[PDB]
Amino acid sequence: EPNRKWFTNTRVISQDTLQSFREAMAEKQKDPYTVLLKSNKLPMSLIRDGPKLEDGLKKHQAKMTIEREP
Amino acid sequence: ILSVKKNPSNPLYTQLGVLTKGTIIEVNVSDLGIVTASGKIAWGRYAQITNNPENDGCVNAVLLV
Amino acid sequence: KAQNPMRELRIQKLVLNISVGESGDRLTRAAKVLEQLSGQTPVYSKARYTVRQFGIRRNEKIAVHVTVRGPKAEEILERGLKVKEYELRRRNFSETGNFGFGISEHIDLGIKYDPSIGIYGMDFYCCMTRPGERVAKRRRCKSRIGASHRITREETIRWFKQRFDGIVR
Amino acid sequence: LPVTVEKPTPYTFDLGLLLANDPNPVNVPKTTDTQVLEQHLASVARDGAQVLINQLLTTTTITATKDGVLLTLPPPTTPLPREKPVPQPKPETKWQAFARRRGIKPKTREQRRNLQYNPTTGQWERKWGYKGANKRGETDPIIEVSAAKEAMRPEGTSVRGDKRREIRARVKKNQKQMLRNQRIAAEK
Amino acid sequence: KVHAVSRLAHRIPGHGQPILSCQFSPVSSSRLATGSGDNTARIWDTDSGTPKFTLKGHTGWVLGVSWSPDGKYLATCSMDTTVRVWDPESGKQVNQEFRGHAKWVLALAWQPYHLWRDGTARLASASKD
Amino acid sequence: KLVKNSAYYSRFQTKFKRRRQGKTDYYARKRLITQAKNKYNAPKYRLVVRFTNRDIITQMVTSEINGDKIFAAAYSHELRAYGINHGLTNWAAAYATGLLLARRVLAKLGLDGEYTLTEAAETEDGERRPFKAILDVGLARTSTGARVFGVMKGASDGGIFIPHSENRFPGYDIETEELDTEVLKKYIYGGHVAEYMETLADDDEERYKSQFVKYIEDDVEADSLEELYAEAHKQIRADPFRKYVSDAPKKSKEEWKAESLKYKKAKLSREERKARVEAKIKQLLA
Amino acid sequence: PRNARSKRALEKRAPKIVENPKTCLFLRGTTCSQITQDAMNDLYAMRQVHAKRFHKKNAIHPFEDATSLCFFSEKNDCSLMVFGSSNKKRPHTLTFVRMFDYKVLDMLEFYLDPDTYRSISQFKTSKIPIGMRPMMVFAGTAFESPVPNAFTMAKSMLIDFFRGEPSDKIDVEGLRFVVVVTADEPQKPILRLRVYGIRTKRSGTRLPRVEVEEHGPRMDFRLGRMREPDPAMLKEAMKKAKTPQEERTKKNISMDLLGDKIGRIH
RNA sequence: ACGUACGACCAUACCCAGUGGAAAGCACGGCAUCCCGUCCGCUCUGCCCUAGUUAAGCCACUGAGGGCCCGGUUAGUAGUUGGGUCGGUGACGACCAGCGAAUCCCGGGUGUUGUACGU
RNA sequence: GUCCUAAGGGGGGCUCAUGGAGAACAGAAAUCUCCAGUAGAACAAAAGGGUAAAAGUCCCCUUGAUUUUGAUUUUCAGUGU
C-alpha cells in the first residue's frame with residue numbers, strides 16, 4: 001500500500017549523542033567477568049575510530065600509482 | 001540491513017525475515033551522508049528489494065525517497 | 001454646533017432586496033435583474049426556519065440582495081423616486097433616520113423588458129449617516145456614536161425635502 | 001567583603017524546588033522600630049539568598065546552550081502531597097479475563113489496520129467507517145435480490161439498508177456489552 | 001573578537017543555477033559577490049538581504065569571483081575562456097573582456113595593492129590550457 | 001417589557017477595561033506572555049508594533065505583575081533626525097523605525113559593580129547569544145504586505161532574533177511558494193511610493209499635487225527616495241541615539257503642570273453639592 | 001465525553017503518574033475586609049498562571065462544612081485554595097485549603113496583622129515577571145518540630161503555593177526573586193512573609209555578592225485553627241509513583257556507556 | 001497635571017443625557033497605482049498628514065434614575081454544635097463555652113496606579 | 001427512506017436568541033436595514049461562577065483511516081528481526 005512512513009527517516013541521532021558515544025567508545029575497557037547480553041543498535045561507522053594513517057595510505061597506494069602512471 | 005519491515009506476501013514471511021522481491025527493508029544509510037532539517041543524522045531508512053535474491057545470490061534495493 | 005460641516009447628512013448605503021420565496025429559476029432571474037441593475041454580483045439569502053404555511057425549508061435560498069454605496073446608490077434611488085413620483089409617506093421614514101420603499105415592476109425603473117427574466121418587484125432601503133461612522137465600524141477601538149450625532153426622523157425628512165424636492169404626506 | 005556566611009547550624013537545600021532551609025534561630029529584636037525590624041529580616045534574607053546562589057553555582061552542572069546558561073537541577077526531595085491518587089490498573093473485563101484464561105494474544109497494530117486490498121477492483125479500501133467494506137453495495141447501481149428473501153422482506157424496507165441494519169444490530173450488542181462491563185466495574 | 005555565527009541571517013534567491021563561488025568585499029561585509037553556473041555573477045546587499053547588481057555577459061559558468069584588494073574592481077573568470085572586470089558600485093563592465101586563454105579559466109589572483117606599479121593593477125588567471 | 005432593569009444591571013458583568021476600550025486582545029496576550037515550550041524560568045521579550053494616522057510606534061516590552069515595562073522604544077517621528085520628513089507611516093518608514101529600535105536595543109545592551117549571573121557562570125565554551133523577541137501585532141490584520149512585518153523585517157535586519165517566516169512579506173507568491181526579493185527591495189527602499197508618484201505625474205497631475213504637495217514643496221523627487229532611505233539606514237546604524245527636537249512648544253514639566261491645571265475643572269465638594277441640592281429643593285418648592 | 005474537546009478535558013483531569021502543576025482557587029466569604037482582599041490580590045499576583053479567581057460572595061465556613069469547597073475543587077480542578085473572611089473574633093483571616101482526590105486533605109488558618117501589612121504597590125521597585133517562579137528561603141527554628149504542627153503544615157502549604165512548575169533546568173537569569181518565610185518556636189509566634197529582589201555585585205572572587213531589595217508584599221500571620229489529615233488519606237496522598245523512565249534495578253544486569261546490556265558473572 | 005503606546009486591579013470603571021477641551025497627541029478625514037480583501041475600498045489593506053473639524057470617538061465636569069463598592073449597626077444577635085454543666089428519671093429549661101448569619105437601619109463614594117515617550 | 005472530499009486539528013473574520021422602528025407582494029409567521037440587546041442563542045455538561053474579537057458560527061490549509069525509536073514500565077511469547 002502507499003504510505004507516508006516509507007519515505008521518512010526511521011532512525012535519527014544528534015551530534016551531541018554521537019560525541020558522547022565516541023567518548024564512551026574511547027573509554028571502553030575489557031573485563032572478563034562481564035558478558036554482553038544485548039547489543040545496542042547504533043550507527044557504529046560514525047562512532048568507531050577510523051583506520052590508521054599508514055593503512056589508509058597503503059590501501060590506496062596501488063590505485064594511486066596506477067592513476068598517476070597507467 | 002537493519003530489519004525487514006514488510007514482506008508483501010505474508011506477515012509470517014515478514015516475521016521470518018524473508019528477503020524477496022518487493023520486500024520493504026530497513027537499511028543503514030550512514031555512508032550516504034543524509035542529515036535532517038534539524039541537523040540530526042539520519043542513519044536508518046527504508047528500501048525496497050528490486051530483484052530476486054534466491055535467483056541472483058545478492059540483495060539489490062532502491063531507497064524510498 | 002449644528003452648522004459644523006461634519007454633521008452633514010449623506011447616504012451611507014442603499015440595499016436592494018428581492019424576496020421571491022422560492023428557490024430555482026425565479027431566484028436566478030431575480031439575481032440576474034439585481035446584477036444588471038447594480039453592476040456587481042448579488043447575494044443569495046437562506047431561510048432561517050421552516051414554515052409549512054409559506055412552503056419554505058430551513059437552509060433554502062429564498063431571497064437575493066445587493067448593497068450599493070457611493071454615487072451609484074444615489075442614482076439608483078433617484079431612479080426609484082422617479083418611479084414613485086417623489087412622494088413618500090410618513091411611516092416610510094424610521095425612527096433611526098433611515099428610510100425605504102418598495103416597487104412592483106423593475107421595468108418601470110428604466111430597463112428594457114425581456115421575456116426570459118419576467119417581472120419582479122423589489123425594495124430599496126437607504127441608510128442615512130453623518131461622517132464619523134468609522135467609530136462604530138472599525139475593528140480597533142470600536143465604540144458608540146454620540147446622542148447628538150444620531151439622525152432623527154425629522155432630520156432625514158427635511159433632508160429629503162430640501163435635497164430631492166419631494167413631498168412627504 | 002565576604003560572600004560566605006557562618007552560622008552554628010549549616011543550611012540544608014532542595015535545589016529541585018530552589019528551597020533553602022535555615023535551622024538557625026532568627027533573633028528578631030524586641031523593639032518597636034519597623035526600620036531595624038525589616039533591616040534584620042533583610043539581612044536574614046540576604047544570607048539565605050547568598051547561600052542558595054552559592055550552592056546553585058557550585059554544585060549544579062552548567063551547560064551553555066543557545067537559549068542561555070542553564071543549571072541542571074536534581075529532582076526535588078522535599079516531600080509534598082499529591083492532588084490525585086496514583087493510577088491503578090482497571091478491573092478486567094469479560095473479554096480480557098476470557099482471553100487471559102484462553103491464551104488469546106492481542107492483535108498487532110499492522111494486523112488491526114483499517115485498510116485492505118480489494119482484488120476485483122484492484123484498489124485499497126477500508127474495512128469499516130466512511131465508504132467501508134462493511135457497507136459494500138449500498139451505493140452500487142444494480143443489486144440482485146432473491147425472490148424468497150424479498151417476499152419475506154417487510155413492506156417499505158429495501159435491500160439498500162440491510163447492511164446498515166446489521167451494522168446497527170452489531171453496534172447495539174457491543175454497546176450493551178460495554179455498559180454491562182462498566183456497571184460491573186462500577187459495582188467493584 | 002569575532003563571535004560564532006549561530007543562525008541564518010538571510011536566504012536570498014535569484015541565481016538560476018548552482019552557485020560556484022562567493023566572496024565578500026574587503027571594505028565591509030555589506031557587499032557580497034557570488035558567481036554561479038547561470039553564466040552570471042551577482043552583487044548582494046547583505047544588510048537588507050537584497051540583490052544589488054547582476055553582472056551578465058559570460059557565456060559559460062562563472063567559476064571564479066575575486067575582489068580587488070582595494071575593493072574597487074571585481075574580476076570574474078568563467079568557463080567560456082574569458083575574464084571580465086566589473087565596477088561593483090555601478091554594476092557596469094570595465095573596458096572589454098580579457099581574451100587569450102585557450103581553455104577553461106579556473107582561478108584568479110590580484111596583485112597586492114602595495115605592489116601596483118605604472119599606475120595600474122595586474123591580474124593573474126590560471127587556466128586548463 | 002423593559003430589558004434594562006435592576007436585575008439586569010445587578011447581574012451584568014463588565015469586560016476588562018481595555019477590552020471595553022477595544023485596545024487589547026487578552027486571548028492573544030495570554031498565549032503570548034504566559035505560554036512556553038521551555039520551563040527554564042527565563043525572561044521573555046515582545047516587540048509591540050502599533051500604527052496611528054500619522055506615526056508608527058515600536059516598543060520592546062517585558063510583562064510584570066503590576067504592569068508592562070518598556071525596555072526600549074522608537075517612533076517614526078524620530079526619523080526626521082535621520083532625514084525622513086515625508087511618508088512617516090509608509091512601509092519604508094516602518095522598516096526604518098524597526099531598524100532604529102533594533103539598533104537602540106543593541107546599543108542599550110552594549111552588543112552593538114553589578115554584573116549578571118550569565119557572566120558569573122559563563123563557561124569557557126560559551127558564545128554570545130542574540131537578543132530574542134516575539135512579534136506583537138495587536139489587532140492588526142496579518143495579510144501579505146502589512147507594515148507590522150515591515151517593522152519586523154527592519155528589526156531582524158538590525159539584529160534582533162525574531163522567529164518568523166517570509167510568506168507575509170511583499171512580493172511573496174503563494175502559488176510557487178517563492179518570494180520576489182526585487183519587489184521586497186523596492187518596498188524596503190520605498191520604490192512603490194516612487195512608482196505612485198510617477199504614475200500620478202503622468203496621468204492625474206491634480207491628484208499628484210494634492211497627494212504629494214509636501215514632496216514637491218520640499219523638493220523630494222521620486223528618484224531620490226532610494227538613496228535617501230539608504231542614507232537614513234546608514235545614519236541609523238551609525239548613531240542610534242541621535243537627539244531630535246520638535247516644532248511643538250517647549251516648556252518644563254512643572255510649567256506644563258501649571259498650564260494643564262489652569263484648564264482643569266475641579267470636582268465639587270460636599271458643601272457645594274449640598275448647597276446645590278438645597279437650591280434645587282427650594283426651586284422645586286417655589 | 002462524545003466531544004473531542006470534552007475528551008481532552010477529561011484526559012487532562014484524569015490522574016497521572018506525573019501530575020500537572022497544582023491550581024489555586026482564590027475566593028472570599030460573605031464578609032471580607034479590604035486588607036484581606038488586597039492580600040489575596042498579592043498572592044494571586046504571585047501565582048497568576050496556575051490560579052482561578054471567584055468574584056462572588058460564598059456562604060461558606062470551612063471548619064463547619066466543606067462540601068461546597070469539595071464541589072468547587074471538583075468543578076475547577078483546583079487542589080489549593082485561598083479563602084478570605086472576616087469576623088469580630090478574627091478580623092482578617094486567610095484560610096489555606098489543600099485538597100486530595102477532590103476531598104479535603106488539610107486546612108490551616110492564617111490571621112493577618114492589619115497594621116504591618118504592606119501591599120506590592122507600596123514598594124517602588126521592579127516587580128517579578130509573569131509566570132516566573134521565585135526561590136524560597138525558610139528561616140527559624142519553628143519548622144524543625146519533631147511532631148507535625150501548624151508551622152510544619154504552614155511550611156508545606158507555602159512551599160506548595162510557591163512551587164511553580166517542576167523543571168530539571170533553570171536559566172541563571174531566572175534567579176532574581178526570593179520569598180523568605182521566618183518563624184520561631186516559643187505568646188503566639190508570628191510567621192513573617194517577605195519578598196525580595198536579588199541584585200548581584202562583583203566581589204573579586206568567582207562567586208558573586210548577593211544584595212536584596214524589598215519587593216512586597218509584607219505579611220505577618222498568626223497561625224490559628226488547623227484541620228489535620230486522616231492517616232490513611234495522608235498515606236495515599238504521600239505515596240510517590242515511579243516514572244516509567246525510572247529503571248527497576250535488576251541484580252547483575254546493567255546498561256553500559258554504549259547502551260549494551262551487560263551481565264555480571266561471579 | 002494633560003496626551004499617547006503597552007498594561008495591573010477589572011462597574012468606585014457599568015446603563016442614559018448635557019456642557020467644555022489651551023498645547024501637542026489621538027481621532028474623524030482625503031485618494032484606490034502598488035501589497036491585500038469584500039455583494040459593496042462598509043470592514044481589512046495600501047498611499048497622503050496637505051486641507052476641513054472638535055460634530056462624533058476620547059478626556060474632564062455635571063445630572064437624574066438604577067446598579068456597584070466600602071465602614072458601622074444588626075451582634076456575638078438569631079441559628080448551630082456540644083447533659084457541655086446545673087436541675088430535671090429521661091425528653092428537655094436555663095446557664096456555660098466554642099463556632100457563628102442575614103434582613104432592616106445609618107454614613108461615605110462613583111476610579112486608583114506602573115513603565116516608556118512627549119505636550 | 002435519503003445525503004455527505006469523514007471526523008478531528010490549527011489559523012483568521014464575525015456575533016447570537018429576542019424586542020422596537022421601517023421596506024411591493026409580505027399579511028402574528030418568508031427576506032432586507034437600523035437601534036437596543038451578559039449571552040436569556042448555539043455547543044458541551046449537569047455550577048453553588050462552562051464559553052463572546054469564543055469552547056458559538058462561517059472561510060483557508062491538512063485530512064496521512066491510527067507514524068518511527070527506545071537498552072525504560074506492565075503483561076505475554078515453542079513463530080524470542
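Per chain, numbering begins at 1; letters A, B, ... match sequence-line order. Just so it is clear, the values below take in all heavy atoms, side chains as well, and ignore hydrogens, waters and symmetry mates.
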- [ ] Count the heavy atoms of every other residue, nucleotide or ligand shown that sit under 6.0 Å from OH of B/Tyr13, and state whether that count exceeds 12.
- [x] no
Nearest-Å distance once atom [atom1] is located in both [N] and [M]:
{"N": "H/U38", "M": "H/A17", "atom1": "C1'", "answer": "38 Å"}
{"N": "H/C106", "M": "H/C14", "atom1": "P", "answer": "28 Å"}
{"N": "H/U54", "M": "H/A23", "atom1": "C1'", "answer": "15 Å"}
{"N": "I/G12", "M": "H/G37", "atom1": "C1'", "answer": "12 Å"}
{"N": "H/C9", "M": "H/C31", "atom1": "P", "answer": "44 Å"}

Does the base of [N] carry an N or O that pairs as donor and acceptor with the side chain of [X] under 3.5 Å?
{"X": "D/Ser158", "N": "I/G1", "value": "no"}
{"X": "F/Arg20", "N": "H/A13", "value": "yes"}
{"X": "F/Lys267", "N": "H/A60", "value": "no"}
{"X": "C/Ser19", "N": "I/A26", "value": "yes"}
{"X": "G/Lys75", "N": "I/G49", "value": "no"}
{"X": "D/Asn114", "N": "I/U66", "value": "no"}
{"X": "F/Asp68", "N": "H/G114", "value": "no"}
{"X": "F/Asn5", "N": "H/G66", "value": "no"}

Task: Sugar-phosphate or base contact per nucleotide [nucleotides 35-47 of chain H; S, B, -; heavy atom under 4.0 Å] - done: BS--BB-BSSSSS
Open item on the list: Assuming nearest nucleotide by heavy-atom distance, tell me which of C/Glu95 and G/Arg53 is located more 5' along RNA chain I.
Closed with: C/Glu95
Open item on the list: If you assign each of B/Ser3 and F/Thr14 to its closest nucleotide in RNA chain I, which residue comes earlier from the 5' end?
Closed with: F/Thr14
Suppose we call two aromatic rings close when their centres sit under 6.0 Å apart. Are [X] and [Y] close by that rule?
{"X": "C/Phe99", "Y": "C/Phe124", "result": "no"}
{"X": "F/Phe212", "Y": "F/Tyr196", "result": "yes"}
{"X": "F/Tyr26", "Y": "F/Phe16", "result": "yes"}

Open item on the list: Between F/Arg29 and F/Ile33 (side chain of the first, backbone of the second, donor and acceptor by atom type, cut-off under 3.5 Å), is there such a pair?
Closed with: no
Task: Ring geometry between B/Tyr46 and A/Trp6 (parallel below 30°, tilted from 30 to 60°, perpendicular above 60°) - done: perpendicular
TODO: Please say whether the side chain of F/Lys253 is closer than 5.0 Å to major-groove atoms or to minor-groove atoms.
DONE: major
TODO: Look at the side-chain N and O atoms of F/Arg276 and state whether any lies under 4.0 Å from the OP1 or OP2 oxygen of H/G63.
DONE: yes
- [ ] List the steps, then state whether side chain to side chain contact (heavy atoms under 4.5 Å, CB included) holds for F/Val61 with F/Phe71.
- [x] CA-CA 6 Å; F/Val61 181; F/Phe71 183 77; over 6 Å; no
Considering just the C1'-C2'-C3'-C4' torsion, please state whether [N] has a north or south sugar.
{"N": "H/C10", "result": "south"}
{"N": "I/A46", "result": "south"}
{"N": "I/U66", "result": "south"}

Task: Side chains of F/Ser246 and F/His77, donor plus acceptor under 3.5 Å - done: no
Task: Syn/anti label of H/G84 as read from its glycosidic torsion, with the cut at 90° from 0 - done: anti
